[PDB]
Structure formats: C-alpha cells, structure tokens
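Per chain, numbering begins at 1; letters A, B, ... match sequence-line order. Computed from heavy atoms alone, side chains included, the values below leave out hydrogens, waters and symmetry copies.
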Amino acid sequence: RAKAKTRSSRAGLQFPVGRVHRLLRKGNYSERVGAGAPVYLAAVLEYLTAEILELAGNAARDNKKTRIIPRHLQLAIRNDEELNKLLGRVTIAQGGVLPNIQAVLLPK
Amino acid sequence: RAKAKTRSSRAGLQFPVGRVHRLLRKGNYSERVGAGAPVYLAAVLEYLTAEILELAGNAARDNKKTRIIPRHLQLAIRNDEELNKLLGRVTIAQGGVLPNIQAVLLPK
Amino acid sequence: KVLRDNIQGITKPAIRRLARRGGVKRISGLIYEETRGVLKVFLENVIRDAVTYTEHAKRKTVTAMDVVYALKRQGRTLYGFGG
Amino acid sequence: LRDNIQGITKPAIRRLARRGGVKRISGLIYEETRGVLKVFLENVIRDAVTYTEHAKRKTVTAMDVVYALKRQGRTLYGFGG
Amino acid sequence: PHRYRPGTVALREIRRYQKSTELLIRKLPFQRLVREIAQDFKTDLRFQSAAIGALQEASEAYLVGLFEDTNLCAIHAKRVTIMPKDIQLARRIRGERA
Amino acid sequence: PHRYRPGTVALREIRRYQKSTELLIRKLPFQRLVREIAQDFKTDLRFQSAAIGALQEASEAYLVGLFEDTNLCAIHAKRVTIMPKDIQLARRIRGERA
Amino acid sequence: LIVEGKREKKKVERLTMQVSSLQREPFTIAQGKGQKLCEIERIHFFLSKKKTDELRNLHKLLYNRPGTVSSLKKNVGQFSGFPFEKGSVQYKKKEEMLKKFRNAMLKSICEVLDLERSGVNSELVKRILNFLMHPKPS
Amino acid sequence: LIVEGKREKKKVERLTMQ
Amino acid sequence: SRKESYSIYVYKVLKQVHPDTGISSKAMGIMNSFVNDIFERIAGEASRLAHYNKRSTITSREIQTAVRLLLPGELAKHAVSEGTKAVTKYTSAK
Amino acid sequence: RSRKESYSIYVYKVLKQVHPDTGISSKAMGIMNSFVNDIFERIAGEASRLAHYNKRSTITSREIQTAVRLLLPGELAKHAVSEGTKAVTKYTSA
DNA sequence: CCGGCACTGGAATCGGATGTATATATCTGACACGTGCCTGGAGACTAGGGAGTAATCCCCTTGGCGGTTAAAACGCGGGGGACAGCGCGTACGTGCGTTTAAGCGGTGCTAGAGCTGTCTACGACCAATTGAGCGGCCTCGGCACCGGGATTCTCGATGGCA
DNA sequence: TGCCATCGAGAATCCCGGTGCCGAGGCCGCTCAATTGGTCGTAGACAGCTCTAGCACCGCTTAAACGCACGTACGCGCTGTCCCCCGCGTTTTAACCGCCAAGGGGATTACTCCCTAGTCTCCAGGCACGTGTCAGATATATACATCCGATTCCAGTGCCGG
C-alpha cells in the first residue's frame with residue numbers, strides 16, 4: 001500500500017475535507033455526494049475564517065493587545081460592510097456595541 | 001385478498017394519507033417514517049384548511065356573492081389574529097389591502 | 001437592442017395611486033425620485049437571484065418558479081403563481 | 001415566586017438606555033420597558049420548555065435556549081452549537 | 001366655478017383605491033424596466049408572462065407596505081405630508097438599511 | 001459646592017457604557033424572574049447556569065437594540081427625551097405588533 | 001472564474017437625522033431714512049416714562065414681533081424710521097395695522113412719539129404713519 | 001389532548017397615534 | 001406529464017363547511033400554495049427535532065411538538081386535538 | 001467519556017497563517033466555532049434545495065458554487081468562488 | 001359726555017352640483033359535472049435493527065449561612081426642554097385643454113423546453129490498516145490591579161478697560 | 001452697566017512602574033475515524049425530434065399622462081411658561097462571595113422484540129378531455145347623500161353728529 005496523504009494536503013487546505021464529507025453524508029441533504037463538493041466547501045469556509053481573523057487581529061493590535069477577545073471580533077464585523085450584511089441577525093456574547101452618539105445630543 | 005379501503009377513510013379524513021406518506025418519504029427529512037405521522041399531519045392540514053375556508057365563506061356571503069375570490073381570503077386572514085400571525089410575511093396575489101384611514105387625516 | 005432610461009416609465013400618477021392605496025393624503029414633490037430609487041434596488045436584488053436560479057438549470061428563459069424561489073429566499077413569500 | 005419584575009430596577013434600565021445612546025428619559029418609560037421584556041422572555045422560555053419536554057428531561061439546558069432563539073430569528077454565538 | 005377644497009378628492013381616492021385589487025402600474029413600462037435591469041446580469045434572456053406578472057405583484061405589495069410605514073413616521077412628527085426623511089427612517093428601522 | 005449642568009454626566013455615562021462589555025442587570029433578580037415566568041409552563045423545573053446566562057445576554061442585546069431604534073424615533077420628532085410613544089412606533093415598524 | 005488581488009473593503013454608512021441650524025442675529029440692519037428715537041431727547045424721555053404695554057404694542061407695530069421686556073426699550077430706541085416709501089405694500093400693511101388699533105392705544109403711541117393726542121382716528125393714523133417714515137426731532 | 005367546541009377568535013389591534 | 005395538487009380535497013372540505021358555496025380557480029391556486037407552505041414548515045421542524053435528539057424516525061410525537069412550536073396558542077390546541085383524534089381512530093378501528 | 005469534535009485546531013492554524021504573533025482566548029474560539037457551524041448549515045441547506053428543485057440525487061461542486069453565489073454578498077462571493085475553484089483544480093490535477 | 005344710526009361680522013339655514021349606491025336586462029365564458037384509463041396506493045409477507053426498558057454511577061443543581069460593602073431608594077433644589085400659540089410665505093391640490101403611447105386584435109416565425117433512448121464513468125459499499133486529533137497535564141507570561149503623578153476640562157467668579 | 005475674558009479650582013482621565021496569578025500554549029499516549037484498494041449498478045450526460053410559446057411588426061381608438069394657472073392651507077420659525085427630570089448627598093437594602101452538604105437526574109451499557117423497509121400483485125382513485133348553463137360583469141335609469149358657496153340675519157362698532 002502507498003502511504004496516506006489527506007485530501008486536505010492534496011487540495012492545499014487547512015480545513016478537513018474528510019470530516020466535511022462525513023457531515024454532508026450524514027446531514028440528510030441529498031441521496032449522494034460528489035467528490036469535489038467537500039473540497040469546495042472546505043475552501044470557502046477557510047477563506048471566510050481568514051477574512052474575519054485578519055480584521056480581528058488588526059483590531060487587537062490597535063488596542064495594544066496580544067490575544068483576540070469577543071470585543072475585537074465584534075468591532076471587526078460591525079465596521080465591515082459585507083461582513084455586517086452576512087451577520088446582520090447575529091448576537092455575539094460579550095461583544096458590546098459600536099461607540100456612536102448622535103450629533104444633536106452633543107453640547108452646543 | 002380483501003377489498004381495499006384507503007387510510008383516509010380509516011382515519012375519518014378527507015386529505016390523502018398515502019400521498020402525505022409518500023411526500024414524507026421522498027423529501028430528505030429523515031431515514032424512516034412512522035405509521036402515525038402522515039395521519040397526524042393530514043389531520044392538521046385539513047383542520048387549517050377548514051378554518052380558512054369557513055372564514056372566507058362568511059366574507060363572500062357578506063359581500064353578497066356565492067363564489068370565493070382572493071379578496072375574500074385576504075379579508076378573512078387579515079381580520080383574524082391567529083391567522084394574521086401565522087401568515088404575517090405572506091403576499092396574496094390580487095388580494096388588496098384592508099380599508100384603514102388614520103383619524104388625523106379625516107376632516108373635522 | 002439595448003434599453004435605456006425606463007425608470008421614468010414609473011410615472012408620478014402611478015406613484016400617487018400606490019400611495020393612496022397606502023392611506024397617504026399629501027405628498028411632497030421630492031418623493032417620486034426616492035421611490036424610483038427604492039424600487040430599482042428592490043428589483044435588482046430579486047432579478048439577480050432569479051437569474052442565478054435560471055442559469056443553474058441551464059436555461060435561457062426565466063420562469064415564474066425562479067421568481068417565486070428568489071422571493072422566498074429574500075423572505076417575501078408569494079401565493080398564487082405555482083408556489 | 002411573585003412580583004419579581006420589580007427586580008429590574010430603574011438604574012439598570014437607565015444603564016441599558018445609556019448603552020443605546022439615550023440622553024434623556026421620561027418617567028413613564030420603566031413600566032413600558034418591563035412589559036416589553038416580559039413578553040420577550042415569555043416567548044423564548046415557552047419555546048425552550050417545549051424543547052426540554054420533547055427530550056423527556058427535567059432540566060433546561062443552554063442548547064434549548066439557543067434553539068429557541070434561532071427559531072425566533074435571534075441567533076446567538078458563544079454558547080455552544 | 002365649482003371647486004372642491006384640498007383633501008376632499010384625496011380622501012375619495014384613498015377610499016377608491018383601498019377597495020379595489022387591480023394593478024396600479026402600466027404593464028409595458030414595467031416590462032421594459034424589468035428587461036433593462038436583467039440585461040446587466042445576462043444577455044439574450046427570455047421571460048414568461050407569469051414571471052413578469054409575479055414580479056409586478058411583489059413590487060406593488062412592497063411599495064404599498066413601505067408607504068404605510070412612511071405615513072406612520074410622518075404622523076409621528078405632527079405632519080400630514082410625507083417626505084424622503086420619513087422613507088429613510090422607515091427603511092432604517094425595518095432593517096433594510098444600516 | 002461644585003455642580004455639573006444637566007447633560008454632562010449623561011454624556012459621560014453614554015461614553016462609559018458604550019465602551020465596556022459587561023452585563024448591566026443583576027444576576028439574582030433576573031434568575032428569580034426567569035424561574036417565575038417558567039413556573040407557568042411546567043412545575044419543578046431545573047436550570048443550568050449557562051441557560052440563564054444565555055437568556056440574560058439575549059435579553060440585554062434585545063433591549064439595547066430597541067433603545068437605539070427608540071432614540072431614532074424620538075429625534076425624528078424634534079425631541080431629545082424618549083417617551084412610550086417612540087417605543088410603540090419602533091415596535092410597530094419592526095413588525096412585533098400589528 | 002479566478003480573481004486576483006485582495007477584496008475591496010467598503011465602509012458602513014449609518015443613517016443620521018438633520019441637526020438643523022441656529023443664527024445669533026435675526027435682522028442684519030433694518031435702518032430707515034430718519035433719526036433714531038433714542039437721539040430725539042424728548043421721545044427718549046417719553047419712552048423712559050411709558051409702561052411696558054405701550055412699549056409691547058409699539059414693538060409689535062415696528063417689528064411685527066413680540067419684544068422681550070429688557071430688549072423692548074433698546075429695540076424701540078434704535079428705530080430710525082421705515083426704509084420704505086409712501087404707497088409701498090409695507091406702507092399699506094402698516095396703515096391697516098394702525099386702523100386695527102383701539103383709539104386709546106393710538107393716543108398712547110402719539111404720546112410716546114410727541115405727537116398730538118387730538119383729532120379723528122384716521123388723523124392719528126396719518127400723523128403716526130408720517131412720523132414712522134421720517135422720525136423728525138419736533 | 002382532545003377538547004370541546006370552536007376556538008376563541010380575537011381582534012387585531014392597530015397602533016394609532018393620538 | 002400528469003401534475004398533482006390538492007384541489008379535490010379542498011373542494012370536499014369546502015362542501016363540508018359551506019354546502020352552497022363555490023370557489024374560483026385563482027383562489028384554489030392560493031389554497032394549494034398555502035397547503036404546500038404549511039407542509040414544508042412542519043416537516044422541516046420535525047426533521048430538525050429528530051436530528052437534535054439523535055433519532056432516525058419521524059413519529060407523531062415529532063409532528064405534535066412541531067405543531068406546538070409553529071402554531072399560535074388556540075390554533076395549536078385545536079390542531080393537537082384533531083391530530084390526536086385522527087390517530088386514535090386510525091389505531092382504534094384498524 | 002466520549003470524544004467531542006470542534007474546529008479549534010484548524011482555526012488556530014489559519015490564525016497563525018494570517019497573524020503569526022497573535023493569540024486567541026477560549027470565548028473568541030467558541031464564537032468562531034459557532035460561526036463555522038452556522039455557515040456550513042446555511043450553504044448545505046441551500047445546496048439541498050437546489051438539488052431538489054432540479055430533480056437530482058447528488059450534490060456536486062456546481063451546487064456549492066451556486067449556493068455560495070446566492071448567499072454571500074458581491075465581493076465576498078467572487079473571492080470565495082475563486083478560492084473554491086482554485087482548490088478543486090489543485091485537487092483534480094494532483 | 002352721548003347717542004343714535006348706520007355699518008359689519010357671524011351664524012345658522014339653505015340649495016344647487018356632483019358622486020354614489022340601487023333596481024332591472026342581457027350575455028358570455030368559466031366552473032362544475034361526466035367519462036375513460038392508467039399508475040400509484042393497498043394488501044400480504046419476510047427480515048433486521050432502532051428504540052424502549054432496566055440498572056448504575058457520579059456530577060451538578062439546589063439550599064443554607066454569615067459578612068462586607070457597593071448599589072439602590074429617597075428627598076431636594078433648579079434649570080432646561082416640552083408644549084402651546086401665532087404669523088408668514090410658498091408649494092402642493094384641483095381643474096382644464098392638448099399630446100402621447102398603452103392596450104387590443106391580428107399575423108407570422110422560430111428558439112428552445114421537454115421528452116426519449118443509449119451508454120459509461122462515478123459514487124456507494126466493503127475490508128484492512130495507521131496516524132491525526134483528543135483528553136490529560138504542566139508551566140510561565142499577558143493581563144489585571146494598584147498606585148503615583150500628570151494633563152486636560154467643565155463651570156463660575158473676577159478684574160480691567162472703556 | 002455690563003462684558004468679557006478672565007481665569008484657576010477642582011474634578012475627571014490618561015500615562016507609566018511594580019506585583020501576582022490563572023489561563024493559554026506546548027508535550028504524550030492512544031484509539032478510532034479517515035485512507036487505500038477493488039466491484040458494481042445506476043444517475044446523469046449527450047444526441048435527436050416535436051411542437052409550444054415567446055418575440056416582433058402593424059394599425060387604431062381613446063384613456064391617461066402632461067403642462068399650466070391659481071389659491072389655500074400647511075410647514076416652519078419664533079416666543080413664552082411651567083413643570084418634570086437631572087445632579088447630589090444620606091440612609092437602607094440586599095447582591096455577591098466564600099464554604100458546606102445532600103440528593104436528583106443526566107449519561108452510559110445490555111437485552112430484546114416490535115416496527116418499519118423492501119418485494120409482488122392488482123385494482124380503483126384521480127387526472128386529462130369535453131360540454132352546458134348560470135353567476136357575475138356590464139349597461140342604463142333613478143333616487144339618495146355629501147360639499148360647499150350664499151344668502152339671510154343677531155348683535156355690536158365707526159360716522160357723525162350732538
């Protein structure tokens with residue numbers, strides 16, 4: 001037998017192709033699942049995760065911090081237009097709100 | 001071989017139990033379907049249909065007509081609280097709106 | 001053949017009739033342009049989704065089921081066109 | 001347990017309004033806020049108890065709350081699932 | 001030398017159009033608008049008649065609902081005339097705009 | 001005796017509470033309220049601590065969003081004070097009330 | 001189907017309501033072709049001795065605005081006549097406002113302006129209106 | 001789980017602005 | 001080339017509630033849309049319920065719980081009554 | 001006493017790729033796990049509906065691509081489609 | 001200091017114009033029924049595993065108890081904002097005459113949707129390995145306090161100059 | 001007579017050095033889930049045909065859209081008043097925290113046996129086609145219900161004399 005090589009390394013990915021395949025096969029989505037559907041899905045999920053993590057890390061750096069906390073994720077999501085569209089009806093625990101005071105309320 | 005009788009007649013129903021069972025088995029909802037699930041579902045569907053039809057027939061009679069049109073269904077649904085909640089995000093084609101004018105706009 | 005400037009085909013009397021069905025008595029003169037913009041955005045969203053549905057099926061014709069699926073996907077269920 | 005809606009005090013509602021950006025508050029706002037919160041909690045707790053009863057359990061878990069909120073279009077992150 | 005005062009014909013029009021169910025937009029202009037919007041996503045597209053009918057029905061329902069919300073926002077501010085700011089407020093609270 | 005004008009401290013609190021992330025309602029009264037509401041649906045119920053934590057986070061998020069909408073409705077009517085009418089209008093347009 | 005480069009990052013636009021606007025001074029000049037009622041010593045003396053209600057009625061006649069009690073004496077003293085001529089739409093609109101005043105109030109306005117308190121309503125109107133075009137030291 | 005008679009139909013209340 | 005719908009059953013129900021009343025074709029199309037919509041709602045809720053509890057079968061218990069989750073109060077009570085009565089009759093006089 | 005599965009190690013690998021000197025706490029990791037599960041369910045459900053509409057038994061990468069185009073906003077959808085296409089091409093060539 | 005006596009303004013009382021509901025007469029096309037047939041549901045079996053039930057164990061939820069201590073409740077001034085009234089000016093509503101294109105009936109022409117048949121590559125399934133990820137444990141540094149200055153920021157009290 | 005810029009007082013809000021701890025980040029062993037290799041049957045891709053329906057052009061009538069004018073009522077600004085909400089100091093009140101204890105119930109195996117999937121017949125419920133007649137749409141003729149301008153008509157001012 002030749003030595004194993006996971007499908008993730010074959011596709012050049014970090015997310016697991018085999019686990020995504022198993023979830024698709026046991027999720028009651030269809031009768032059959034093609035070979036390339038898990039690869040596509042894993043690549044898309046990895047891309048979205050990297051997009052959020054970049055902004056969250058920048059937000060943490062702006063506050064002179066080393067580790068990301070839920071507040072940094074909330075700031076990153078709510079300051080980005082498309083991420084705000086995708087996660088419009090989502091609540092993040094311990095995230096807080098964006099600072100915003102209406103102009104009519106500030107002292108004259 | 002004895003003479004066939006539909007499951008609907010056994011359940012005392014008008015809606016088709018066999019067709020509901022077939023739709024349940026081919027919709028990718030679960031792996032197996034129990035014997036009493038289609039009977040229960042057909043009974044619920046029949047009850048809801050009868051409720052709406054009973055209201056719409058009263059609306060049609062109040063408009064002095066012997067046939068039901070989409071306007072009668074819209075009036076029945078929008079004048080009933082439970083139905084209005086159930087079908088809150090639904091549009092009925094050629095149904096119109098409920099007559100309602102605010103009091104401030106009316107003449108003194 | 002290319003189409004252009006059809007948004008003006010939604011005339012001011014039509015917008016007035018639509019506002020009358022909504023119970024409005026007085027309308028300022030700047031409403032018609034704003035209404036035209038709102039309608040254009042709504043139609044762009046729905047038509048984009050419906051054409052995606054049409055292209056997946058490998059068809060050249062948009063059907064009523066495509067529009068029904070697009071509207072249901074956007075949270076606006078319509079009864080009376082086959083779904 | 002009786003009359004526990006008064007435990008939501010006026011200073012707590014004022015803090016919640018300040019996080020929302022409100023500068024001035026009328027005196028009749030606190031009873032209205034209490035009623036709104038009561039209705040919201042009744043809906044969510046009813047759905048969560050239905051989920052608990054289907055599983056033949058006697059304890060409400062955080063997963064039941066998450067499922068109820070997702071049912072009401074109020075998805076919440078950071079509590080499992 | 002016979003004239004109605006402002007608001008009388010408007011109230012008549014409200015009662016007339018809150019009782020009927022027909023479409024209030026001309027079909028040919030709406031079809032032209034739909035085809036022009038669609039020609040950006042894909043070229044040489046055909047449409048069924050029922051597809052344009054469904055689009056028009058949905059569009060009219062959407063606009064009528066928005067106008068009712070706009071009227072509520074205008075009456076809240078002690079007016080009887082609707083303005084673009086009322087539309088923007090209604091669309092922001094509905095969640096269709098940040 | 002030093003004193004601040006009405007509005008200075010309110011703006012200070014807005015800035016202070018729009019920067020933190022902690023919960024603003026006390027835990028014990030909220031827990032008692034949750035158990036009291038649940039008593040109607042079923043008797044002798046038990047709760048995990050994480051379930052009450054999830055309920056509290058959801059409740060505070062919901063109320064803060066509603067207060068934001070209410071403040072918009074109040075400013076639309078040329079006021080700075082929020083009233084129950086603003087809450088009613090916001091809930092009506094959101095769709096939580098016919 | 002493969003894009004190049006990063007992704008364009010747009011910013012969220014939040015709805016804000018108009019804060020509206022305020023101006024410190026309502027009128028830039030409002031100065032007429034005559035002497036100020038404060039420089040005419042005798043009118044300044046009568047203006048110093050008259051009640052707040054005569055001054056309210058005179059400020060309503062001059063500036064069409066209710067005057068604040070402190071400003072009221074300053075605002076009437078700084079009046080230098082009207083900038084419009086006999087027969088203007090403004091002249092007719094002041095003449096009607098004078099015809100609509102009670103005879104006792106016209107007699108009080110004549111006494112503020114050193115005008116004679118004698119004669120018919122229409123003459124008190126004419127004498128005040130000529131004086132409010134060209135306030136002359138008597 | 002079985003019950004008697006018809007259901008209690010209710011009226012929808014609409015927000016009105018003073 | 002044969003297309004199925006719910007028209008005949010809706011007509012039977014109408015003839016039961018209103019013996020001397022008819023219906024138009026457009027109203028019947030709206031009724032078919034309503035029936036399909038409610039069917040998908042209940043079936044999807046029951047499918048998620050079965051998945052949450054690690055079950056392979058959808059039974060009448062799942063249907064009852066989904067009906068209680070989706071319908072408003074009195075509607076849900078009377079629907080539960082009708083479904084229970086139908087199942088009892090079916091299992092009763094087999 | 002039975003093993004639980006999550007995405008923590010893969011999320012940590014992606015973070016080490018984008019920010020080599022940044023860490024993450026447990027609460028933020030739980031939020032990221034919830035996000036991954038949410039997006040997976042959304043895309044899988046849309047692909048299931050797409051296959052049902054066109055009367056097909058299998059879900060392929062065409063269904064995943066169409067679902068991604070239907071769910072994501074514009075630039076995100078374009079770059080996700082590019083990423084998926086690149087991954088599938090690399091997998092097939094190898 | 002009258003005082004009639006014209007004058008005027010309002011109020012309530014018509015009364016024409018117009019819009020709209022109501023009472024018959026036709027008329028047509030859509031609905032409700034009847035018929036044939038075909039395929040999808042019923043009936044009768046068999047086989048295998050999904051779930052119900054019975055124990056069993058240990059975590060975790062519910063009470064109970066003191067002790068600080070910060071948050072909450074309660075008066076108390078006082079100032080700023082909500083609300084009502086008034087005036088002006090312009091921008092929408094109503095109505096009329098002139099333009100325009102929507103809707104309708106008709107006729108072709110062809111693109112493509114839908115169906116049928118034919119293969120074949122691809123996904124399900126099974127069996128034997130093996131290393132990737134998970135649970136458990138240890139360790140040290142990022143972050144939370146804690147304090148000492150330090151730099152701005154309201155608010156009113158004052159001084160100097162004209 | 002003020003005014004104004006005066007502050008500077010005092011309060012809040014950063015900025016930086018020092019200490020401690022518990023939570024995140026590496027190791028380690030194991031087992032189970034993913035990987036490899038090989039069959040097999042069917043789902044889907046491709047290649048024709050058949051018509052249906054979607055597009056395109058053409059007159060024609062007529063209702064709707066479009067400018068245009070005028071006047072009224074509504075939006076918006078300004079002023080004044082008062083009462084309600086904010087800021088602050090003092091006294092209660094109970095939330096929070098750190099322990100201790102006991103039992104309920106959730107969470108995991110083991111057995112078994114009903115309950116559902118999978119095959120063949122087979123026959124009758126439901127769908128497609130075809131037709132007649134009656135419910136509703138249309139057309140007039142007529143009476144009733146509002147709208148709004150007008151006229152009349154109670155009492156209370158300006159003219160002019162007195």
> Which pairs would a plain distance check flag for residues 1-8 of chain B, meaning a side-chain donor or acceptor within less than 3.5 Å of a matching protein atom at least two apart in sequence or in another chain?
unit_1: B/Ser8; atom_1: OG; unit_2: B/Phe15; atom_2: O; d: 2.6
unit_1: B/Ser8; atom_1: OG; unit_2: B/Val17; atom_2: N; d: 3.2

> Do I/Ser7 and I/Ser5 pass the side chain to side chain donor-acceptor pair (under 3.5 Å) test, and can you show the C-alpha distance, the side-chain angles, and the key distance before you say yes or no?
CA-CA 6 Å; I/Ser7 322; I/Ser5 52; 3.1 Å; yes
> Read from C1'-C2'-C3'-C4', is the pucker at L/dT6 north or south?
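Sugar pucker of L/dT6 - north, given that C1'-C2'-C3'-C4' is above zero.
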> Decide yes or no, distance alone: a donor-acceptor N/O pair under 3.5 angstrom between the base of L/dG75 and the side-chain of E/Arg79.
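Under the 3.5 Å cut-off, the side chain and the base do not form any donor-acceptor pair.
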> Check every atom of L/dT36, L/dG106, L/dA64 against the side chain of E/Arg26 and return the nucleotide holding the closest atom.
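The answer is L/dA64.
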> Look for any protein N or O under 3.5 Å of an N or O in nucleotides 37-41 of chain L and output each such pair with its distance, or none.
unit_1: L/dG37; atom_1: OP1; unit_2: A/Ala2; atom_2: N; d: 3.3

> Regarding J/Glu5 and A/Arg22, does a basic nitrogen lie under 4.0 Å from an acidic carboxylate oxygen?
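Salt bridge present between J/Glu5 and A/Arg22.
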> Over all strands shown, is E/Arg35 touching base, sugar-phosphate only, or nothing at heavy-atom distances under 4.0 angstrom?
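Result for E/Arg35 = sugar-phosphate.
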> Please tabulate the protein-to-nucleotide N/O contacts below 3.5 Å involving nucleotides 84-92 of chain K, giving atom names and distances.
unit_1: K/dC92; atom_1: OP2; unit_2: C/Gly29; atom_2: N; d: 2.9

> Watson-Crick or G-U wobble partner for K/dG10, using a 3.5 Å limit on both distances?
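Pair assignment: K/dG10 / none.
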> Is the E/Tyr4 ring parallel, tilted or perpendicular to the E/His2 ring (thresholds 30°, 60°)?
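Ring orientation of E/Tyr4 relative to E/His2: perpendicular.
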> Is it true that, when you exclude J/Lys27 itself, more than 12 heavy atoms of the residues, nucleotides or ligands shown sit nearer than 6.0 Å to its NZ?
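12 or below, so no.
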> Base, sugar-phosphate alone, or nothing: which one does J/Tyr10 contact when heavy atoms must sit under 4.0 Å apart?
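Sugar-phosphate: the residue J/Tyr10, judged by heavy atoms under 4.0 Å, touches backbone atoms but no base.
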> If you count heavy atoms of other groups shown closer than 6.0 angstrom to CZ of E/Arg12, is the number above 12?
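Atom CZ in E/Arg12 is packed in, count exceeds 12.
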> Nearest-nucleotide wise, let me know which of B/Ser8 and F/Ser49 is further upstream toward the 5' end of DNA chain K.
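On the 5' side of the pair lies B/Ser8.
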> Less than 4.0 angstrom between a side-chain N/O of E/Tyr4 and OP1 or OP2 of K/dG19, yes or no?
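For K/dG19, neither OP1 nor OP2 has a side-chain N or O of E/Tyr4 closer than 4.0 Å.
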> Does K/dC134 have OP1 or OP2 under 4.0 Å away from a side-chain N or O of A/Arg19?
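So the side chain of A/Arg19 is within the cut-off, an N or O lying under 4.0 Å from OP1 or OP2 of K/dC134.
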> Taking atom types as they are modelled, is there a donor-acceptor pair under 3.5 Å from the base of L/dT31 to the side chain of J/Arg3?
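Check passes, donor-acceptor contact within cut-off.
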> Counting only Watson-Crick or G-U wobble pairs whose two distances fall under 3.5 Å, which nucleotide matches L/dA73?
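When the pairing criteria are applied, K/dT90 turns out to be the nucleotide that pairs with L/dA73.
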> Spell out, as yes or no, whether a donor-acceptor pair under 3.5 Å connects the side chain of E/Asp86 to the backbone of E/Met83.
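Looks like yes, one N/O pair under 3.5 Å.
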> What do you reckon, is NZ of I/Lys15 surrounded by more than 12 foreign heavy atoms closer than 6.0 Å?
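Buried by this count: over 12 neighbours within 6.0 Å.
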> Using a 4.0 Å heavy-atom cut-off, does C/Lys12 contact any base of the nucleic acid, only the sugar-phosphate backbone, or nothing at all?
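If one applies the 4.0 Å heavy-atom cut-off, C/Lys12 turns out to touch nothing in the nucleic acid.
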